[PDB]
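*Asks:* part one of the complex, left exactly where it sits:
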Amino acid sequence: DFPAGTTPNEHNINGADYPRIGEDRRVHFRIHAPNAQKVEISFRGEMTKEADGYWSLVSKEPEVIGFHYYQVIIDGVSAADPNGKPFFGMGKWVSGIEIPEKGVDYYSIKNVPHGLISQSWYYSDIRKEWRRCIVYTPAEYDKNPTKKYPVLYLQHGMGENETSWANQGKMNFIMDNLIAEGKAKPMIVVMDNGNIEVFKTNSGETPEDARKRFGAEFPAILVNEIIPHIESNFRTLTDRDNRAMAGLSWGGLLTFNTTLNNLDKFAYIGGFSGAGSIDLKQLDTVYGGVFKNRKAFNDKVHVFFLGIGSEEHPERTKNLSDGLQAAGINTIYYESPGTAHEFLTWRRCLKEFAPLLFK
């Protein structure tokens, strides 16, 4: 029946025997499409025609560990694999390949207490719309009725939305395991929508104009609508020492703009392969001069975390970190070995960052 040494991809729907993952980390795709002229797998090129109207494709080389978005492409039309569970990435609902790592389980389901992942609705006056945020509460939450928790606000990048961290990010098992093992403080995590699903430039706009607009309302939405909603409906501490924020990719830039313009509300800042930048040549004036007084900044911001995959040009982020440190701004630098601009890098970033919070 199936090629030797393959198991079904973890993100297949029940009953779907393909795609399959092999012990050599090659992926095996197989689709019945007798009336199609051409079938591709995103980022992998064309499949081969087989008997009985089937198409196959096997990774030319071992694939990289971690999570990878994919779609099937039928005569040029990209769609989610009918065999797959859905993930929101690349601006729509697509599919996901999972390549297992050896000797790793911090994002696996273990026999420890599991927090809830909850859908929570609130109205936004800024955007004149109902919005849904995703909230992790720790497993001990309901059994500690008088306790208040600190909050981490955790943001996605471009082409993602409020569901991505808990879905392809596996963030709830990361938090469950970290908390069970005593490595991170029991905390609430709030995951909302940056409104950066699809990047568009309007006809009168320069590229700079469009980037400046891209998710530009999120800082105000977070500080003026998400925080009040969260504090009204969950048992939270509300002082700055108990409020953290991290974002991946463009979400790292939203995090820089939210937190560094609202230091009275945030004391922990995390960029995961962030698009946020700091002009070292202007350290004393950028962001309204909050970096000028080194001790005051280092005293106010307890964790300033910069993460990056080793296969996505780490030198830019390492140069920024080394530059900040040489000027007297504390940073935590983390480099994810073997990974690039994909979710395994950010799973590792969360596992490294969450233990540093609220201590």
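*Replies:* Now that the structure is in, tell me what you want to look at. Numbers count the residues shown, from 1 in each chain, chains lettered A, B, ... in the order given.
*Asks:* going by C-alpha atoms from here, please, whenever you check contacts or count neighbours.
*Replies:* Fine.
*Asks:* ends of stretch A:324-344, how far apart?
*Replies:* Using Cα to Cα, to the nearest Å, one end of stretch A:324-344 lies 26 Å from the other.
*Asks:* what separates it from the chain centre, distance-wise?
*Replies:* 15 Å (Cα atoms, centre = their mean, to the nearest Å).
*Asks:* so what touches that stretch?
*Replies:* A:64-68, A:168-169, A:273, A:280, A:291, A:294, A:297-298, A:303-312, A:314, A:318, A:321, A:345, A:348-349, A:352 (Cα atoms under 8 Å, 6 or more residues apart in numbering).
*Asks:* can you check stretch A:157-172 too?
*Replies:* With contact meaning Cα under 8 Å, 6+ apart, stretch A:157-172 is reached by A:67, A:87-92, A:96, A:107, A:114-117, A:132-134, A:136, A:154-156, A:191-199, A:247-252, A:343-344, A:346-347, A:350.
*Asks:* mind listing what's buried in it?
*Replies:* Residues A:157-166, A:168-172 are the ones in stretch A:157-172 that count as buried (16 or more other Cα atoms under 10 Å).
*Asks:* closest to residue A:14 among those residues?
*Replies:* Checking those against residue A:14 by Cα to Cα gives residue A:168 as the nearest, at 17.7 Å.
*Asks:* can you tell me the helix or strand for that closest one?
*Replies:* Assigned by DSSP states H and E, residue A:168 belongs to no helix or strand.
*Asks:* for the one 4 residues further on, same thing?
*Replies:* Under the assignment given by DSSP H and E, the secondary-structure element containing residue A:172 is helix A:171-180.
*Asks:* and what of residue A:113?
*Replies:* In the assignment (DSSP H and E), residue A:113 maps to no helix and no strand.
*Asks:* what's around it, how many residues?
*Replies:* 15 (other Cα atoms under 10 Å).
*Asks:* dump the residue contacts of the residue lying closest to it once chain neighbours are set aside.
*Replies:* In space, and not counting its chain neighbours, residue A:113 is closest to residue A:139: 5.6 Å by Cα to Cα, 6 or more residues apart in numbering. By Cα under 8 Å, 6+ apart, the contact set of residue A:139 is A:113-116, A:176.
*Asks:* include chain B as well:
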Amino acid sequence: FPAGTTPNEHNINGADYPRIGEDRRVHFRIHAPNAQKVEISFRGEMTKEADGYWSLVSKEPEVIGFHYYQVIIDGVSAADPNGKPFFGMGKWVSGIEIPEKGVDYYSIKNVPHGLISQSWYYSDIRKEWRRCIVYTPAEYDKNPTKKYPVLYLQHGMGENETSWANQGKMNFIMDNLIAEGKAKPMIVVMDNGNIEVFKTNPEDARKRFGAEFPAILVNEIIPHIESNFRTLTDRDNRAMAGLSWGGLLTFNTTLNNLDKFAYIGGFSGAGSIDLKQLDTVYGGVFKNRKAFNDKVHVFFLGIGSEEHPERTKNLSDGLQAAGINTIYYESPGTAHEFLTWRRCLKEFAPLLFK
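*Replies:* Adding chain B to what we have so far:
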């Protein structure tokens, strides 16, 4: 955009098609320059347009409510890349929502909203971790020592534990019912019947289909819910309802465990009862009419007017003629789709725990 059309509710952000007209015709538009043939499921081929686009407008007005669909590219069925996902027909597909006039109980309103939560537990019976979906009422955490009655709510064949809270819109149905004082604040638990795909190894497969779910619910789900949510755990505070094959699962669970359930609902259910053996079926639980009617406070049988209600109406009438109380509900204008079951939930949940 054509006059009098609006984007379908279940589009992703930025998707302008498909759209819904005021006449309830659906407008599909797909960019497929290099495809020989493009279809929409249950509506035939689309028309080749300029720019390598394809278009399709419903021939006749479509029925109110929710309808699964896929786009078909040269014979390969797939979810609409413009659409949010719904689990139905055994995979993740797409959904059309045809609005109703003057109806809002499954809409989002300016009322308190309960959480929809994901909760994990291990099942010895199936040797696997499993996720359940749990509605807690809006007041849940504002009343830290209150305990709540529980409704276990099950999907049909081809669906799973997410179907009720997505295409079923049950969290807003509950929010509105609770806010208006028509249902008691309650916890609702939606699990996976393991009936995504029916496939054989004859009618022996039907005996096996979902057969472990009664044991899973009673021996694994309920102890997990009760350890982790503030719940009332006596039989008068536990209900169960299910749609289609879930209705069969509900009959087999509740009637063989009457010491645990006091409310039973079948929404277009496949559950049956041979009236000619009413006295012996299910272990004879029905033989003593008064004992049954005092134990089971609500026995609800819902059906759509357009999916042959007569066999449900006859069961309800025959039970009543034999002395077994029932509540019969007929959804006018709907068939074996999800608006029928949204309406069943809207009718059933106000009857519970009173």
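*Asks:* in light of the added chain B, please revisit the neighbour count of residue A:113.
*Replies:* Residue A:113 has 17 neighbours, counted by other Cα atoms under 10 Å in any protein chain shown.
*Asks:* isn't it up against residue A:180?
*Replies:* Yes. The pair residue A:113 and residue A:180 qualifies as a contact (Cα atoms under 8 Å) at a distance of 7.1 Å.
*Asks:* overlap in contacts, the two.
*Replies:* Common neighbours of residue A:113 and residue A:180, using Cα atoms under 8 Å, 6 or more residues apart in numbering or on different chains, do not exist here.
*Asks:* still on that earlier bit, pull out the buried residues from the helix holding residue A:172.
*Replies:* Buried residues in helix A:171-180, counted by 16 or more other Cα atoms under 10 Å in any protein chain shown: A:171-180.
*Asks:* secondary structure element for the closest residue to chain B within chain A?
*Replies:* Residue of chain A nearest chain B, by Cα to the nearest Cα: residue A:118 (4.2 Å). Assigned by DSSP H and E, residue A:118 falls within strand A:116-124.
*Asks:* buried residues, that strand. List them.
*Replies:* A:116-123.
*Asks:* could you name the helices and strands sitting against it?
*Replies:* strand A:129-137, strand B:115-123 (3 or more Cα pairs under 8 Å, 6 or more residues apart in numbering or on different chains; DSSP states H and E).
*Asks:* and those strands: which comes nearest residue A:56?
*Replies:* The nearest among the helices and strands packed on strand A:116-124, by Cα to Cα, is strand B:115-123 at 35.3 Å.
*Asks:* and the angle from the closest one to strand A:129-137?
*Replies:* 40 degrees (axes from the mean of the first three to the mean of the last three Cα atoms, to 10 degrees).
*Asks:* given strand B:115-123, what are its sheet partners and their directions?
*Replies:* Sheet pairing for strand B:115-123, assigned by DSSP bridges, gives strand A:116-124 (antiparallel), strand B:128-136 (antiparallel).
*Asks:* closest to residue A:3 out of those strands?
*Replies:* strand B:128-136 (24.5 Å).
*Asks:* need the contact partners of the closest one.
*Replies:* So strand B:128-136 is contacted by A:109, B:114-123, B:161-162, B:165, B:171, B:186-192 (Cα under 8 Å, 6+ apart).
*Asks:* 7 Å instead, please
*Replies:* B:114-123, B:161-162, B:171, B:186-191 (Cα atoms under 7 Å, 6 or more residues apart in numbering or on different chains).
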